[PDB]
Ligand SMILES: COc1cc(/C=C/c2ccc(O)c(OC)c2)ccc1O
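Next up: just one chain, as C-alpha cells, the form solved without the ligand.
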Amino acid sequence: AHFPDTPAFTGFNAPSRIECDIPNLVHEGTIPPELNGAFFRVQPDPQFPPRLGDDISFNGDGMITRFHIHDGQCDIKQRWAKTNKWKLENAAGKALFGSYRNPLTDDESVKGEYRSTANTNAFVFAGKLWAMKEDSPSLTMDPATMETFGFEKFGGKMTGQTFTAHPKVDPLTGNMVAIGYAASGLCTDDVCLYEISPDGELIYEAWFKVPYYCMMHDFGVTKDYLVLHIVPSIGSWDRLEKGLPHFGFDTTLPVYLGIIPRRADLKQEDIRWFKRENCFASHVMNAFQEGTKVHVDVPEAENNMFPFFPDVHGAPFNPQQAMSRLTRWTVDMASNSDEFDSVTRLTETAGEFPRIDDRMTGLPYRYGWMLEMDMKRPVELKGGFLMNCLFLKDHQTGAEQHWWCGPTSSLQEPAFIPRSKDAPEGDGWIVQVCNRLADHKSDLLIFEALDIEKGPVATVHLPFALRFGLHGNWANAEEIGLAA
C-alpha cells in the first residue's frame, strides 16, 4: 500500500493492520492469578490509503485488540471490526468512503451505506463485543473468536439511524443505556435514548430534540435521567459542501446540560435544559443524583480540544485553553432558572479519558481514574496532548495519586477490573496500554487500582506497537465465552 507521507500516517501513526495471535506474551512482574477475562480495546487503523490523499486519526478503520489474562499470563488476539465499509473496501481493494463524517466525498458505489469504522469503543454486553462508532448502529462481534456479526438494529425495533460509542450499564438493572444523535440523518437535531436489557433486547427507544446539532459523543446516566451535555463542536451540510472538517468549534454558543427522563414515554416538554457560558467538555467520568440535584463530572476545558475540528471563526488552535480538568457540573431540578447550581473544579491535574469502577455508574462514587498530562515532566519523545501519567482521584478525601510512565512513553485509556462482583468500590486492578515510543512497541500495564504510585505490578510486553487507542473495557471470562 502507498500511504500519504503526512503526520496522520507516519511514525507513531504508521498504519499497522496487524491481525495476530500470541499467547503467553513476554512479561515482567506478577500477573494476579485471580484475573480471568479479557481487556478489549480499539485502535483506528486504515485498511487502505484514504481517497483524498490525507485523513485524520479519528477516521481509521477499527482494529480490535483483546488481551486475555488468565493463569498468570496474558495473550493477545487482534482482529478487524468488519464493518460494511471494511467489507466493501476489502472487496474493491481500495478506499470507497471518503473523509470523516462527510458522505459527499464517498464513491457513488457506497451512497446509502453505513460509514461506520467501528473504531471508538470495544465494549462487552449481552454476550457480545460491540465495536462502536457514533454515526451508525453499533457493530457486534463474537468476543471469543472475534469474528464479526454485523450491525445491531435490535430486530427492527431500533428506528434511529445511529448508536453511541459511550454506552453505560446501569447497575440497578443491568440495562445498557445509550443514545444516538443525528438520529434521523446527518446533522439533524434528533436524538434517541435507548435502553437494552441484559439479554440484548431493545426495551425502548425515545426520541427528542436538542438545542443544536453538535458532537454528542458522551453523556451520563443516573437512575432517573439521561444527562446530556450540549457543547458547540458543531457540524453542518454547509461545512461539508465547503470542504471543511465536519465539526468545528464555535466559542460564541452557549453550553447546555439536558436532564432527560429515562422513560419510554418521554416527551420534549419533560426535558430541562440548563445553560452556561461557552466551554468544552467531551467525556463523562460519572453522573449521579443527590436529592433533587444531578451531578456530572467531566474534564472541562476553556476552549476546543480537537485541533482537527477547528475554530469556526478561524482562530488558531490554543493548546493552553485545551487543557481539561475534572469538574463537577451540578444542576437542581427544583431550580427556578436555567442556571447551573454550581460548576466546581475537582482537581488541578489536567487529564482526560476518565474512568470509574463501572459498578458505580449513576451512583455516588469515591474513585476516578484518568490519563493525566503533566507538562512539568521531562519529555524526550512524543506520540498532540502528552498523556504521560495515570491519575487517581479520591473524592472522599481529596487525595490524588500519580504514576508517570517516564520520559519516552505515553499512555492510553485505563480500564478498571473488579476483584469480585461484590468487592468494594475500586477493589481490583487497572489495566492500560503504554506506548513505549523509544522501543516502537507497546506494553500492557497492570496496576493495583488504589495503589498506583508504586508502579505496575505486571508489565506485559507486546512485540509490536499498537496505534493510538480510543476506548476499552474488561470483561470476565464467563461474560465472553472464554474458559472458566
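Start at 1 and count along the sequence shown; that's the residue number.
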Report task. Note whether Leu386 lacks coordinates in a third or more of the other compared entries that model its flanking residues. Result -> no
Query - Sequence continuity check, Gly383 and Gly384 (deposited residues unmodelled) - result: 4 to 9
Report summary line: Of 316-324 and 410-418, the stretch with the higher mean C-alpha B-factor in the deposited entry is 316-324
Query raised in the report: Quick one: higher average CA temperature factor, 25-33 or 440-448?
Result: 25-33
Report task. Among the candidates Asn119, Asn336, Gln73, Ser342, give the one with the maximum CA B-factor reported in the record. Result -> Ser342
Report summary line: The residue of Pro378, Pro354, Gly180, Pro167 with the maximal C-alpha B-factor according to the PDB record is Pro378
Query raised in the report: Mind checking which third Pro143 falls in for C-alpha B-factor across the chain?
Result: lowest
**Report entry** Ranked against its chain, the third holding the CA B-factor of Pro424
**Finding:** highest
Query - Third of the chain's Cα B-factor distribution that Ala8 belongs to, per the entry - result: highest
Query raised in the report: What third of the chain, by the recorded C-alpha B-factor, contains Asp238?
Result: highest
Query raised in the report: Going by the entry, which third of its chain does the Cα temperature factor of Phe154 land in?
Result: highest
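Another form exists, deposited with the ligand bound; not displayed. Remarks below refer to it.
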Query raised in the report: If we take heavy atoms and a 4.5 Å cut-off, which stretch out of 287-295, 132-140, 185-193, 249-257 is in contact with the ligand in the entry with it bound?
Result: 132-140
Query raised in the report: Should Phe306 be counted as a contact of the ligand in the entry with it bound, where contact means heavy atoms within 4.5 Å?
Result: yes
Query raised in the report: How about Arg262: is it within 4.5 Å of the ligand in the entry with it bound, going by heavy atoms?
Result: no
Query raised in the report: Hey, in the entry with it bound, is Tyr100 touching the ligand, heavy atoms inside 4.5 Å?
Result: yes
Query raised in the report: Given that the partner is absent here, does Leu470 sit within 4.5 Å of the ligand in the entry with it bound, heavy atoms only?
Result: yes
Query raised in the report: Using a 4.5 Å cut on heavy atoms, which of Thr164, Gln78, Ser410, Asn119 is close to the ligand in the entry with it bound?
Result: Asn119
**Report entry** in the entry with it bound, the one of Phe353, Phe123, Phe274, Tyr225 near the ligand [non-hydrogen atom within 4.5 angstroms]
**Finding:** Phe353
Query - Any residue of 271-289 that, in the entry with it bound, places a heavy atom within 4.5 Å of the ligand - result: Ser282, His283
